[PDB]
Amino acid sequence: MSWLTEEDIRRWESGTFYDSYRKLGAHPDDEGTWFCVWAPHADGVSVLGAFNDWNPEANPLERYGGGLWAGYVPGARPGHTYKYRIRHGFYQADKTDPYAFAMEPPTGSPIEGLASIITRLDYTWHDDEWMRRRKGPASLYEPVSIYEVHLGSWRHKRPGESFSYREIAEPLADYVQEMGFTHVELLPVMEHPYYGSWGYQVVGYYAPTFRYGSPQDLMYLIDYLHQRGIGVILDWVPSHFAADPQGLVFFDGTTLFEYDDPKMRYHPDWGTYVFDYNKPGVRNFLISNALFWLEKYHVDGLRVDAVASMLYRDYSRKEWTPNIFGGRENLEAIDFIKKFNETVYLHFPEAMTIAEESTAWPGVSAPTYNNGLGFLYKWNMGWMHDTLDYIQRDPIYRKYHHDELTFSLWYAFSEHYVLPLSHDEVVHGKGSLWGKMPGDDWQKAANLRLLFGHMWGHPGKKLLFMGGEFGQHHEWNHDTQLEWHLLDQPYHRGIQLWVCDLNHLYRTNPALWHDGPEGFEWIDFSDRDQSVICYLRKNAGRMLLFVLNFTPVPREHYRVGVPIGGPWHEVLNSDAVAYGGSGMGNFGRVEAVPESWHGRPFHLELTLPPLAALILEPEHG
């Protein structure tokens, strides 16, 4: 007889209500709006909005089972702003809607206020074909090349003003299409008061914002990218929420969304920060939100950061405590992750879930029925550290650190990996990708191409943060746009054209699509003295040879074992003049010699250009 059915209430309090945004939040009809809030310890809840005059006594919600409050408001219309007054004993606080589907332009109080917005999510999609063929499967055996994008700081329309969700669609799509990426990965779009947070704090999990436009503007952006053949992955932040006073903290006068406190007359005060993954309402709130992005915004993937902060509760010397009653591991959090992944693939097979986990937890990307966390992909952070360590060393000392370059193949196959050069690596004291490279300007440029050559040959899918693809000079600055003027310089234009030609090779040559052991075999890793390595990528009857010269010394008559005789050809050469290189290479037919090298039947005899990546293939046509 009310907003809520008895089945809604059973499902909420057992924590099996995974479409709870159907009923929680603000739901307009043709005449008024239903409001519904979880607040099991409040003594009263009222809805304050433009439609009364923010009168806490105009519309006091009634309480239902499971700690849910609900109330109808006639004449509350889409576009009205509103807030909740929560009363707990003698304390009273105004709160934004946790389930807000939009939050008003003032969306801090530094910003000029903060109210949620009554909204309908109505939108007509035109992306049926993408969603059918998006059988985005085991993309495990296909090319996946991700362009990582913070929306606001990519390009600016006139000065310090970002493009909108609608205004960014066409230039972003054009660029991603010419650069040859398959996907765009977006830093959190969920509403956040601090822009400088990059989105990772988050007060509005169900609200795409109003900073780049409305909910339907972002839908148009995703609809538009889908029709241009580009997938979209959303960074998603279940590990913690913003500490802002109007967000989820406290909420009903107690620890609701965060963990509850022990006895605290001194005693190591450990409490909160993460979500309380053992409250049924929290599992409803987060699992509902993952499905919400997948269903209401057609997104193709979710990436979870800081999975280590969820798996462990460690912090300190002395925090939970040891003995023989538990471990360092957050048991309910591991169960939440596994329920998260297995719900996503049940409801949205061939969506992608991706994890960044920084403690070498086994089986991050392994099925939950083998004690895995259930993700499709794991960020290869180990590969990133070793590669950025080695490449940063001046070439004269690289011969003493050859192991830093060949080590990642030891562990390259223990997960399904994305090889990522993310935004985290080009901020704070770390330098841009260009700035990390040693030597003179041409050597910086060649090192960045050599780095990309190796990254695309190394097993794993690919992710690069915006700006990195043309060797931007400075660290990423979220308050400005990227340094696009550098595309008038030949070394940066040349780096961009080479990433583009790498992407094209990745997408048209199956030799690079199988990232498991069968897909890679060493040709030689023993040349420490000259800092060279050779290796094969191998899939469906196709083969590419990678030869990588990590010193600015050209090598003539350099012999390389190959397993197939006959005429070979250079497919890509990072010293081509088009990329800013000097134009050395192995041109025309390269005939394989029927003598033996590297324990191989045949060998090629090549010129290795300085700081260059060579990619060759046998003639099979």
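Note that residue numbering follows the sequence shown and begins at 1.
- As recorded in the PDB entry, 320 to 328 is the stretch of 466 to 474 and 320 to 328 with the greater mean C-alpha temperature factor.
- 411 to 419 and 255 to 263 differ in mean CA B-factor, and the higher of the two is recorded for 255 to 263.
- Ranking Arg303, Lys444, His226, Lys538 by Cα temperature factor from the entry places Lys538 first.
- Highest C-alpha temperature factor among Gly247, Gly79, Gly374, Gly494 per the entry: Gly247.
- Sort the modelled residues of the chain by CA B factor and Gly599 lands in the highest third.
- The entry lists a Cα temperature factor for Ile396 that places it in the highest third of the chain's modelled residues.
- In the deposited entry, the Cα temperature factor of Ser116 sits in the middle third of values across the chain's modelled residues.
- For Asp269, the recorded CA temperature factor ranks within the highest third of the chain's modelled residues.
- Among all modelled residues in this chain, the alpha-carbon of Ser574 has a temperature factor (C-alpha) in the lowest third.
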